[PDB]
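> My structure is below; once you've seen it, I'll send some questions.
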Amino acid sequence: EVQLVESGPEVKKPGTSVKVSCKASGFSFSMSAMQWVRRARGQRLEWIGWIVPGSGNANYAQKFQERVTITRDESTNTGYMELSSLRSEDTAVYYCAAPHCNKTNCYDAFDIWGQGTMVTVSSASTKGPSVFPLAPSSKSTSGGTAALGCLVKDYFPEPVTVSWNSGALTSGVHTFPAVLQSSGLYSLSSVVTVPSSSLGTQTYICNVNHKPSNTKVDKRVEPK
Amino acid sequence: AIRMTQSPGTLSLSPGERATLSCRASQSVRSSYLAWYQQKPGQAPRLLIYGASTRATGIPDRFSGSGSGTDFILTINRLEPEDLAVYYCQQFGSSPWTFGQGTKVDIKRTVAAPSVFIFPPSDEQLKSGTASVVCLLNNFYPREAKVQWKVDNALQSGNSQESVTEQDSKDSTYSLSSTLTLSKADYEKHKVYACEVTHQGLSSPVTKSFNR
Ligand SMILES: *[C@@H]1O[C@H](CO)[C@@H](O)[C@H](O)[C@H]1NC(C)=O
C-alpha cells in the first residue's frame, strides 16, 4: 500500500522546537520529492518548503526560511520537518506530500499525502479527558431508533479520536467538533443512532484516544 | 511570490448541477505546474487535477480541469452529494509554491426537520461536582437551528455551548449538539430540564424534557 504516515499530535511550549516525522511505504522513497504544507484551524493551506529526491537540497518559503529545516533519511525512508522558535501562530495541521515512484519513473505531481500532524503551541499543560456516557432512554428514542453517545470532556489539547465498537460501528455516528470551554480545556461529544430493539442484546463501546496525554478509554454506554 | 486567488469563497449547489471554480495567478504559470486538490472534512488533501487538465488516478470523469496562463478552471459536470469539500489550487513551478484560499462547496437539498434527543448527566459526572445536559438535533437542513434551554421554566443563556457537524456526505444533512453545564449543587435544586428547538422544518418549536 502506497502510504505516507506522519507522527502523532504535539504540545510544545512557546519557543521550543517540534520535529514532525513522515515515513513512506509502498513506493521508492529515494526517487520521490517531498513538500510540506500546513493549515491552521479554519484557514487556507500554507506551503512551507520542499526537498528534492536523492540529496538534502531543500527550498523554503521566505516566511519559514529562518526556522524551518526539512530533511530526509533514505535508510529509514522517513522525511522530517523541524520548526524552531515556535509561537502561537504556528498552531496548525502539518502535512507531507510526495509523488509515488518506482525504481525509475515518478508521478508528475503530489498525489500521496500524509494524514497530517496537529501541533499546538501554548503554555497550558496537557490534560487527558473524562469520558461520560450519554445513555439512551425514552427521552432519546424516536420511531424505532434510539440515540446514545459519549461525552469526551475537559481535555487539552486537540485532538481526540472516537470510534464505536472498535470501528465495527460507523453507520449513524456523528462525532461533533470540540468546543473550547471557558476553563481552557476542550469538550467533545460523539453520538450514534441505533434501533431500539438492539439496546438489550447489543453492546456499544466508544473508543476514545487522546494521544497528547496517552489516554485511551473504552467506555460502554448502557441504557438508563 | 505568485499570488493565487480563488473565487467564489463558497458555492452552494444542488446535486446534479455543474460546479464552476476559478483560480487566478498574479502572473502566468506553466499549465503542467498547476494542480487542484480536494480536502473533505477530517481528511487529508486529495490530488484531483494536475497539469491543468489531467485527472489524477482514481478521480471520476465528472471532474474537469481547464485554463492556462493566469486563468484556470475546475468543473464538476454533475455534482454529487459526496463532492462536498474545500477545493484548493496550487502552482508548483515557481517557488514559493503558493496556494489559493480554496472554494467551499456545499450541497443543497429539501428542508429536513431535526430529531431532538436529550441526555441527562451521568452519575459518574455528578460525582465530580459538575452536571452536563446534552441536547441532540439529528439530521436536519438547512443548518440554521435555534436551541434554547429551560430549567424550571427559567431561560438559560451564557452557560450552553453548541457544535455542528459538517454536512453529511450521503444525505447532505447537519447535526447539532448543545451542552448545558451546571454545578452539581445547582443541578440538584431543579427538576424540569428542557431544550426547545426552533427550525424551518418544524411547524412549531419542539421541546424535549426530563424530570430529574
Ligand atoms: C515504472 O512505472 C512506469 C509507469 O509510470 C512503467 O512504464 C515502468 O515500466 C516502471 N518501471 C519499473 C522498473 O517498475
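Here, A, B, ... name the chains of the C-alpha cells in the order displayed, residue numbers run from 1 inside each chain, and ligands are numbered from 1 in the same displayed order.
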Could you list, as a ChimeraX atom specification, all the residues within 10 Å of ligand 1, counting only C-alpha atoms and all ligand atoms?

/A:27-28,100-108

> Would you export the selected residues with C-alpha atoms as an mmCIF file, in the first residue's frame, please?


```
data_model
loop_
_atom_site.group_PDB
_atom_site.id
_atom_site.type_symbol
_atom_site.label_atom_id
_atom_site.label_comp_id
_atom_site.auth_asym_id
_atom_site.auth_seq_id
_atom_site.Cartn_x
_atom_site.Cartn_y
_atom_site.Cartn_z
ATOM 1 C CA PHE A 27 6.902 3.247 -3.368
ATOM 2 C CA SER A 28 10.568 4.049 -3.926
ATOM 3 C CA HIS A 100 4.715 7.942 -5.959
ATOM 4 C CA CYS A 101 7.630 6.353 -7.794
ATOM 5 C CA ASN A 102 9.031 3.016 -8.778
ATOM 6 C CA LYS A 103 12.744 2.405 -9.353
ATOM 7 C CA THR A 104 12.900 4.633 -12.448
ATOM 8 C CA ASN A 105 9.702 6.636 -13.045
ATOM 9 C CA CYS A 106 7.719 9.065 -10.896
ATOM 10 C CA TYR A 107 4.387 10.840 -10.947
ATOM 11 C CA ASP A 108 4.276 14.388 -12.290
#
```

> Check every residue of chain A for an atom within 7 Å of chain B, counting only C-alpha atoms, and provide those that qualify as a compact mmCIF listing (two decimals) with N, CA, C and O atoms, in the first residue's frame.


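Saved result, result.txt, follows:
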```txt
# COMPACT_ATOMS: atom_id res chain seq x y z
N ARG A 44 -6.54 28.59 5.14
CA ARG A 44 -6.12 28.01 3.88
C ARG A 44 -4.79 27.28 4.05
O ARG A 44 -4.12 27.39 5.08
N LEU A 45 -4.42 26.54 3.01
CA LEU A 45 -3.16 25.80 3.04
C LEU A 45 -1.98 26.76 2.86
O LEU A 45 -2.04 27.70 2.07
N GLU A 46 -0.90 26.50 3.59
CA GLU A 46 0.29 27.33 3.55
C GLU A 46 1.49 26.45 3.23
O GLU A 46 1.82 25.54 3.98
N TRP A 47 2.14 26.74 2.10
CA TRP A 47 3.31 25.98 1.69
C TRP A 47 4.51 26.35 2.55
O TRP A 47 4.78 27.53 2.78
N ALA A 61 9.92 28.60 1.78
CA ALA A 61 9.31 29.91 1.62
C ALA A 61 10.01 30.92 2.52
O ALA A 61 10.61 30.56 3.54
N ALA A 109 3.05 14.93 -10.23
CA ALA A 109 2.52 15.81 -9.21
C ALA A 109 2.44 15.06 -7.89
O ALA A 109 2.72 13.86 -7.82
N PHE A 110 2.04 15.77 -6.84
CA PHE A 110 1.99 15.22 -5.49
C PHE A 110 0.63 14.58 -5.26
O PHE A 110 -0.37 15.26 -5.01
N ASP A 111 0.58 13.25 -5.35
CA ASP A 111 -0.65 12.50 -5.16
C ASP A 111 -0.71 11.72 -3.85
O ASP A 111 -1.80 11.33 -3.44
N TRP A 113 -0.37 11.73 0.13
CA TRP A 113 -0.45 12.70 1.22
C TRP A 113 -0.48 11.98 2.56
O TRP A 113 -1.09 10.92 2.69
N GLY A 114 0.17 12.58 3.55
CA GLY A 114 0.07 12.08 4.90
C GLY A 114 -1.21 12.52 5.58
O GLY A 114 -1.89 13.46 5.15
N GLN A 115 -1.55 11.82 6.66
CA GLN A 115 -2.79 12.12 7.37
C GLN A 115 -2.74 13.43 8.13
O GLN A 115 -3.79 13.91 8.59
N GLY A 116 -1.56 14.03 8.29
CA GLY A 116 -1.43 15.29 8.99
C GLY A 116 -1.04 15.13 10.44
O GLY A 116 -1.47 14.19 11.11
N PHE A 132 -17.77 10.30 29.71
CA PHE A 132 -19.04 10.05 30.38
C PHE A 132 -20.05 9.49 29.40
O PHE A 132 -20.02 9.82 28.21
N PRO A 133 -20.96 8.63 29.85
CA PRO A 133 -21.93 8.03 28.93
C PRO A 133 -23.12 8.95 28.67
O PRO A 133 -23.65 9.60 29.58
N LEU A 134 -23.54 9.00 27.41
CA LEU A 134 -24.81 9.61 27.03
C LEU A 134 -25.80 8.47 26.83
O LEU A 134 -26.06 8.01 25.72
N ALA A 135 -26.36 8.01 27.94
CA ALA A 135 -27.15 6.79 27.94
C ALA A 135 -28.46 7.00 27.19
O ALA A 135 -29.06 8.07 27.27
N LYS A 139 -36.45 9.38 26.52
CA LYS A 139 -36.29 10.74 26.04
C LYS A 139 -35.20 10.87 24.98
O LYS A 139 -34.81 11.99 24.64
N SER A 140 -34.72 9.74 24.44
CA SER A 140 -33.78 9.76 23.33
C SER A 140 -34.15 8.72 22.27
O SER A 140 -33.28 8.20 21.57
N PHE A 176 -19.07 15.21 16.91
CA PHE A 176 -19.10 16.65 16.75
C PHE A 176 -17.72 17.25 17.00
O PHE A 176 -16.91 16.68 17.74
N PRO A 177 -17.42 18.40 16.39
CA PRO A 177 -16.15 19.07 16.68
C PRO A 177 -16.13 19.63 18.10
O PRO A 177 -17.17 19.97 18.67
N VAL A 179 -15.52 22.00 21.37
CA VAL A 179 -15.71 23.39 21.75
C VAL A 179 -14.68 23.74 22.81
O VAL A 179 -14.31 22.91 23.65
```

> I need the residue nearest residue 205 (chain B) from this list: B:147, B:111, B:52, B:19. Use only C-alpha atoms for the distance.

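Under the stated criterion, the closest residue is B:147.
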
> Would you kindly return, as a ChimeraX atom specification, each protein, DNA or RNA residue with an atom no farther than 6 Å from any atom of residue 50 (chain A), considering only C-alpha atoms and excluding same-chain residues fewer than 6 positions away?

/A:34-35,58-59

> Please dump the current selection as a PDB file, in the first residue's frame; keep N, CA, C and O atoms.


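Output file out20.pdb follows:
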```pdb
ATOM      1  N   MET A  34       9.457  15.671  -1.860  1.00  0.00           N
ATOM      2  CA  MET A  34       8.575  15.819  -0.712  1.00  0.00           C
ATOM      3  C   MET A  34       8.394  17.293  -0.393  1.00  0.00           C
ATOM      4  O   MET A  34       9.378  18.009  -0.189  1.00  0.00           O
ATOM      5  N   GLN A  35       7.140  17.737  -0.349  1.00  0.00           N
ATOM      6  CA  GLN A  35       6.793  19.092   0.049  1.00  0.00           C
ATOM      7  C   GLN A  35       6.031  19.063   1.368  1.00  0.00           C
ATOM      8  O   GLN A  35       5.356  18.082   1.694  1.00  0.00           O
ATOM      9  N   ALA A  58      17.097  21.415  -0.190  1.00  0.00           N
ATOM     10  CA  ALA A  58      15.746  21.834   0.140  1.00  0.00           C
ATOM     11  C   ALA A  58      15.531  23.284  -0.272  1.00  0.00           C
ATOM     12  O   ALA A  58      16.481  24.034  -0.514  1.00  0.00           O
ATOM     13  N   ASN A  59      14.259  23.669  -0.357  1.00  0.00           N
ATOM     14  CA  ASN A  59      13.876  25.030  -0.707  1.00  0.00           C
ATOM     15  C   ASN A  59      12.677  25.426   0.138  1.00  0.00           C
ATOM     16  O   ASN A  59      11.692  24.685   0.200  1.00  0.00           O
TER      17      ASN A  59
END
```

> From the DSSP assignment of the backbone, select every residue of region 112-188 of chain B that is helix (DSSP H, G or I), and format the answer as a PyMOL selection string.

chain B and resi 123-127+184-188

> Quote the spacing between CA of residue 1 (chain A) and CA of residue 78 (chain A) in Å to one decimal place.

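One can read the CA of residue 1 (chain A) to CA of residue 78 (chain A) distance as 15.9 Å.
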
> My list of candidates is A:195, A:15, A:159, A:172. Which is closest to residue 212 (chain A) when distances are computed with only C-alpha atoms?

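Closest to residue 212 (chain A), using only C-alpha atoms: A:159.
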
> I want to know what sits within 10 Å of residue 6 (chain A), based on only C-alpha atoms, with residues of the same chain fewer than 5 positions away left out; could you give that as number ranges by chain?

A: 20-24, 78-80, 94-96, 113-118

> Next, dump the selected residues to file, keeping only N, CA and C atoms, as a PDB file, in the first residue's frame.


```pdb
ATOM      1  N   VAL A  20       8.426  16.977  12.997  1.00  0.00           N
ATOM      2  CA  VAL A  20       7.367  16.088  12.532  1.00  0.00           C
ATOM      3  C   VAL A  20       7.968  15.034  11.612  1.00  0.00           C
ATOM      4  N   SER A  21       7.585  13.780  11.828  1.00  0.00           N
ATOM      5  CA  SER A  21       8.038  12.665  11.014  1.00  0.00           C
ATOM      6  C   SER A  21       7.074  12.414   9.857  1.00  0.00           C
ATOM      7  N   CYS A  22       7.570  11.697   8.847  1.00  0.00           N
ATOM      8  CA  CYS A  22       6.771  11.393   7.656  1.00  0.00           C
ATOM      9  C   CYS A  22       7.423  10.186   6.970  1.00  0.00           C
ATOM     10  N   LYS A  23       7.009   8.989   7.382  1.00  0.00           N
ATOM     11  CA  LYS A  23       7.574   7.753   6.857  1.00  0.00           C
ATOM     12  C   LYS A  23       6.741   7.240   5.689  1.00  0.00           C
ATOM     13  N   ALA A  24       7.420   6.676   4.694  1.00  0.00           N
ATOM     14  CA  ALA A  24       6.800   6.233   3.455  1.00  0.00           C
ATOM     15  C   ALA A  24       6.736   4.712   3.390  1.00  0.00           C
ATOM     16  N   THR A  78      12.201   8.005   5.801  1.00  0.00           N
ATOM     17  CA  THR A  78      11.416   8.976   6.551  1.00  0.00           C
ATOM     18  C   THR A  78      11.944  10.377   6.292  1.00  0.00           C
ATOM     19  N   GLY A  79      11.044  11.289   5.941  1.00  0.00           N
ATOM     20  CA  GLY A  79      11.365  12.697   5.837  1.00  0.00           C
ATOM     21  C   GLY A  79      10.909  13.438   7.080  1.00  0.00           C
ATOM     22  N   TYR A  80      11.627  14.505   7.418  1.00  0.00           N
ATOM     23  CA  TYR A  80      11.354  15.261   8.629  1.00  0.00           C
ATOM     24  C   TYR A  80      11.214  16.741   8.305  1.00  0.00           C
ATOM     25  N   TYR A  94       0.090  19.983  10.068  1.00  0.00           N
ATOM     26  CA  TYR A  94       1.201  19.939   9.127  1.00  0.00           C
ATOM     27  C   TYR A  94       1.137  18.656   8.309  1.00  0.00           C
ATOM     28  N   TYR A  95       1.168  18.799   6.987  1.00  0.00           N
ATOM     29  CA  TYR A  95       1.074  17.676   6.067  1.00  0.00           C
ATOM     30  C   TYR A  95       2.380  17.495   5.305  1.00  0.00           C
ATOM     31  N   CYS A  96       2.619  16.265   4.860  1.00  0.00           N
ATOM     32  CA  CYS A  96       3.696  15.958   3.931  1.00  0.00           C
ATOM     33  C   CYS A  96       3.105  15.295   2.695  1.00  0.00           C
ATOM     34  N   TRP A 113      -0.367  11.735   0.131  1.00  0.00           N
ATOM     35  CA  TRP A 113      -0.448  12.701   1.216  1.00  0.00           C
ATOM     36  C   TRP A 113      -0.485  11.985   2.556  1.00  0.00           C
ATOM     37  N   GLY A 114       0.172  12.582   3.550  1.00  0.00           N
ATOM     38  CA  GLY A 114       0.073  12.084   4.901  1.00  0.00           C
ATOM     39  C   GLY A 114      -1.212  12.521   5.575  1.00  0.00           C
ATOM     40  N   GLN A 115      -1.555  11.823   6.658  1.00  0.00           N
ATOM     41  CA  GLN A 115      -2.793  12.117   7.368  1.00  0.00           C
ATOM     42  C   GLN A 115      -2.739  13.432   8.134  1.00  0.00           C
ATOM     43  N   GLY A 116      -1.559  14.027   8.288  1.00  0.00           N
ATOM     44  CA  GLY A 116      -1.435  15.289   8.987  1.00  0.00           C
ATOM     45  C   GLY A 116      -1.040  15.133  10.440  1.00  0.00           C
ATOM     46  N   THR A 117      -0.218  16.055  10.932  1.00  0.00           N
ATOM     47  CA  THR A 117       0.196  16.085  12.329  1.00  0.00           C
ATOM     48  C   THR A 117      -0.244  17.411  12.932  1.00  0.00           C
ATOM     49  N   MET A 118      -1.073  17.345  13.969  1.00  0.00           N
ATOM     50  CA  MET A 118      -1.591  18.538  14.625  1.00  0.00           C
ATOM     51  C   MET A 118      -0.626  18.971  15.719  1.00  0.00           C
TER      52      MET A 118
END
```

> So that I can check the secondary structure, give me every residue of region 152-198 of chain B assigned strand (DSSP E or B) by backbone DSSP, as JSON, numbers by chain.

{"B": [154, 155, 156, 160, 161, 162, 163, 164, 174, 175, 176, 177, 178, 179, 180, 181, 182, 183, 192, 193, 194, 195, 196, 197, 198]}

> If you keep C-alpha atoms, can you produce a file of those selected residues as an mmCIF file, in the first residue's frame?


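Saved result, result37.cif, follows:
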```
data_model
loop_
_atom_site.group_PDB
_atom_site.id
_atom_site.type_symbol
_atom_site.label_atom_id
_atom_site.label_comp_id
_atom_site.auth_asym_id
_atom_site.auth_seq_id
_atom_site.Cartn_x
_atom_site.Cartn_y
_atom_site.Cartn_z
ATOM 1 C CA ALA B 154 -36.069 29.713 33.524
ATOM 2 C CA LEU B 155 -34.384 30.541 30.221
ATOM 3 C CA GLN B 156 -30.700 29.596 30.287
ATOM 4 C CA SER B 160 -24.663 26.406 26.992
ATOM 5 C CA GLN B 161 -22.378 25.634 24.055
ATOM 6 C CA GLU B 162 -23.317 24.309 20.618
ATOM 7 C CA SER B 163 -21.435 22.388 17.944
ATOM 8 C CA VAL B 164 -22.470 21.497 14.386
ATOM 9 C CA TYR B 174 -26.408 18.601 9.548
ATOM 10 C CA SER B 175 -26.412 17.571 13.202
ATOM 11 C CA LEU B 176 -26.096 19.879 16.213
ATOM 12 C CA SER B 177 -25.048 19.180 19.805
ATOM 13 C CA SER B 178 -25.814 21.653 22.602
ATOM 14 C CA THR B 179 -24.354 21.111 26.075
ATOM 15 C CA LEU B 180 -25.747 22.781 29.193
ATOM 16 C CA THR B 181 -23.245 22.983 32.061
ATOM 17 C CA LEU B 182 -24.425 23.355 35.665
ATOM 18 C CA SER B 183 -22.859 22.705 39.040
ATOM 19 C CA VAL B 192 -37.557 20.119 34.744
ATOM 20 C CA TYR B 193 -34.714 20.261 32.198
ATOM 21 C CA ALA B 194 -35.763 21.042 28.629
ATOM 22 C CA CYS B 195 -34.264 22.135 25.319
ATOM 23 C CA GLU B 196 -36.612 23.879 22.883
ATOM 24 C CA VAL B 197 -35.798 23.563 19.178
ATOM 25 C CA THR B 198 -36.901 26.042 16.506
#
```

> Which of these, B:203, B:28, B:173, B:167, has the shortest distance to residue 69 (chain B) once you count only C-alpha atoms?

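Answer, going by the shortest atom-to-atom distance: B:28.
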
> Skip region 183-191 of chain A itself and residues of its chain fewer than 2 positions away, then list as a CSV table (one decimal) with N, CA, C and O atoms, in the first residue's frame all residues within 8 Å of it, counting only C-alpha atoms.


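Heads up, here's the output in part_12.csv:
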```csv
chain,number,residue,atom,x,y,z
A,134,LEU,N,-23.5,9.0,27.4
A,134,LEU,CA,-24.8,9.6,27.0
A,134,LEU,C,-25.8,8.5,26.8
A,134,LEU,O,-26.1,8.0,25.7
A,147,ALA,N,-30.9,6.9,20.4
A,147,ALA,CA,-29.6,7.6,20.3
A,147,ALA,C,-28.8,7.4,21.6
A,147,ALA,O,-29.4,7.5,22.7
A,148,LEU,N,-27.5,7.2,21.5
A,148,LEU,CA,-26.6,7.1,22.7
A,148,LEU,C,-25.3,7.7,22.2
A,148,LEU,O,-25.0,7.9,21.1
A,149,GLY,N,-24.4,7.9,23.2
A,149,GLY,CA,-23.1,8.5,22.9
A,149,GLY,C,-22.2,8.6,24.0
A,149,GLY,O,-22.4,8.0,25.1
A,150,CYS,N,-21.1,9.4,23.8
A,150,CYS,CA,-20.1,9.6,24.8
A,150,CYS,C,-19.7,11.0,24.8
A,150,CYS,O,-19.6,11.7,23.8
A,151,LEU,N,-19.5,11.5,26.0
A,151,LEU,CA,-19.1,12.9,26.3
A,151,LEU,C,-17.6,12.9,26.7
A,151,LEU,O,-17.2,12.5,27.8
A,152,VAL,N,-16.8,13.4,25.7
A,152,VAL,CA,-15.3,13.5,25.9
A,152,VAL,C,-15.1,14.9,26.4
A,152,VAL,O,-15.1,15.8,25.6
A,153,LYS,N,-14.8,15.1,27.7
A,153,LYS,CA,-14.9,16.4,28.3
A,153,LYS,C,-13.6,16.7,29.1
A,153,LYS,O,-13.0,15.8,29.7
A,154,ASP,N,-13.2,18.0,29.0
A,154,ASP,CA,-12.1,18.6,29.8
A,154,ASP,C,-10.8,18.0,29.4
A,154,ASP,O,-10.1,17.3,30.3
A,155,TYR,N,-10.3,18.2,28.2
A,155,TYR,CA,-9.0,17.7,27.7
A,155,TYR,C,-8.3,18.9,27.0
A,155,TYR,O,-8.9,19.8,26.6
A,156,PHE,N,-7.0,18.7,26.9
A,156,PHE,CA,-6.2,19.7,26.2
A,156,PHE,C,-4.9,19.0,25.8
A,156,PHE,O,-4.3,18.3,26.7
A,157,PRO,N,-4.4,19.2,24.6
A,157,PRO,CA,-5.0,20.0,23.5
A,157,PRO,C,-5.8,19.1,22.6
A,157,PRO,O,-6.1,17.9,22.9
A,158,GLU,N,-6.2,19.7,21.4
A,158,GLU,CA,-6.7,18.9,20.3
A,158,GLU,C,-5.6,18.0,19.9
A,158,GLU,O,-4.4,18.2,20.0
A,162,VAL,N,-12.5,9.2,18.3
A,162,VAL,CA,-13.6,8.5,18.8
A,162,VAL,C,-14.1,7.5,17.7
A,162,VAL,O,-14.5,8.0,16.7
A,173,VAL,N,-23.1,7.4,13.0
A,173,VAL,CA,-22.2,8.0,14.0
A,173,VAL,C,-22.0,9.5,13.6
A,173,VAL,O,-21.8,9.8,12.5
A,174,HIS,N,-22.1,10.3,14.6
A,174,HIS,CA,-21.8,11.8,14.5
A,174,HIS,C,-20.9,12.2,15.6
A,174,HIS,O,-21.3,12.3,16.8
A,175,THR,N,-19.6,12.4,15.3
A,175,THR,CA,-18.6,12.9,16.2
A,175,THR,C,-18.5,14.4,16.0
A,175,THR,O,-17.9,14.9,15.0
A,176,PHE,N,-19.1,15.2,16.9
A,176,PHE,CA,-19.1,16.7,16.8
A,176,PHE,C,-17.7,17.3,17.0
A,176,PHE,O,-16.9,16.7,17.7
A,177,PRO,N,-17.4,18.4,16.4
A,177,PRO,CA,-16.2,19.1,16.7
A,177,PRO,C,-16.1,19.6,18.1
A,177,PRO,O,-17.2,20.0,18.7
A,178,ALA,N,-14.9,19.7,18.7
A,178,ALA,CA,-14.8,20.1,20.0
A,178,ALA,C,-15.1,21.6,20.2
A,178,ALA,O,-14.9,22.4,19.2
A,179,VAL,N,-15.5,22.0,21.4
A,179,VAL,CA,-15.7,23.4,21.7
A,179,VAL,C,-14.7,23.7,22.8
A,179,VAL,O,-14.3,22.9,23.6
A,180,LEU,N,-14.2,25.0,22.8
A,180,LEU,CA,-13.2,25.5,23.7
A,180,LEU,C,-14.0,26.0,24.9
A,180,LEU,O,-14.6,27.1,24.8
A,181,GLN,N,-14.0,25.3,26.0
A,181,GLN,CA,-14.7,25.8,27.2
A,181,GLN,C,-13.9,27.0,27.9
A,181,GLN,O,-12.8,27.2,27.6
A,193,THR,N,-27.0,6.7,16.3
A,193,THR,CA,-28.4,6.3,16.4
A,193,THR,C,-28.5,4.8,16.0
A,193,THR,O,-27.9,4.4,15.0
B,177,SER,N,-25.2,19.7,18.4
B,177,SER,CA,-25.0,19.2,19.8
B,177,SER,C,-24.9,20.4,20.7
B,177,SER,O,-23.9,21.1,20.7
```

> Quote the spacing between CA of residue 21 (chain B) and CA of residue 6 (chain B) in Å to one decimal place.

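Atom-to-atom, CA of residue 21 (chain B) and CA of residue 6 (chain B) are spaced 7.4 Å apart.
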
> Between CA of residue 184 (chain B) and CA of residue 127 (chain B), what is the spacing in Å?

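One can read the CA of residue 127 (chain B) to CA of residue 184 (chain B) distance as 8.2 Å.
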
> Could you check the closest approach to residue 67 (chain B) for each of B:145, B:113, B:85, B:29 and tell me which residue wins, using only C-alpha atoms?

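Smallest separation from residue 67 (chain B) among the options: B:29.
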